[PDB]
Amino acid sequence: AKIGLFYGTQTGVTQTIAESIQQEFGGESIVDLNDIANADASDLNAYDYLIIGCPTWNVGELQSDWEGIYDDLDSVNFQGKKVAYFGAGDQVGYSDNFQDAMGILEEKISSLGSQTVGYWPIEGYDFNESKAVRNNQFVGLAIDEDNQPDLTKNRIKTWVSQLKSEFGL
């Protein structure tokens, strides 16, 4: 598969989202699914297209597995790669840090030469601050199973549909 999806999860929500995304793209022949806990930063070198999934924890912090590999990202050559992002979060309980992890990873990875694709509009959400917002759009798909579980299915479908174009599909 030409697309590599790497996710991190604490309670399993980001994993479920990741599995749905793979399914929407067309299955394992289209998208390789990997838990970042079982990977090396160098594993990211193999793809032209990447999808990064990471939930935010403990007030604007990266999920533990992403935190662990964070300093190793500098060794990956992101030049020429197109990267999309997604994350699970809680806009009500953490309105001042909603989807912060997604924003932290995007800032790092994009500064290393990659091009971010898959921006998502902020309509329908209610939050105060987020490090994942640029030009009034999220840098990736913001899922909220804690407060908006009924919107998830459609959010994934629409986002994947828009992504296909960007990933030469």
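Sequential numbering from 1, following the sequence displayed. So that the term is clear: the rigid core is the largest set of C-alpha atoms that superpose within 1.5 Å between two forms.
For the pair 59-67 and 110-118, greater average C-alpha departure from the shown form in 4 other deposited structures of this protein after core alignment is found in 59-67. Comparing the two stretches 130-138 and 98-106 by root mean square C-alpha distance in 4 other deposited structures of this protein, with all structures fitted on the core, the more displaced one is 130-138.
Relative to its counterpart among 42-50 and 139-147, 42-50 has the higher mean temperature factor, C-alpha atoms as listed in the PDB entry. The PDB entry reports B-factors from which the mean C-alpha value can be compared for 28-36 and 98-106; the larger average falls on 28-36. When the C-alpha B-factors of 83, 92, 76, 88 are read from the PDB record, the largest value belongs to 76.
The residue among 122, 117, 69, 62 whose C-alpha atom has the highest B-factor in the PDB entry is 69. Compared with the other modelled residues of the chain, the Cα B-factor recorded for residue 1 ranks in the highest third. Ranked within its chain, residue 58 lands in the lowest third, by CA B factor from the PDB record.
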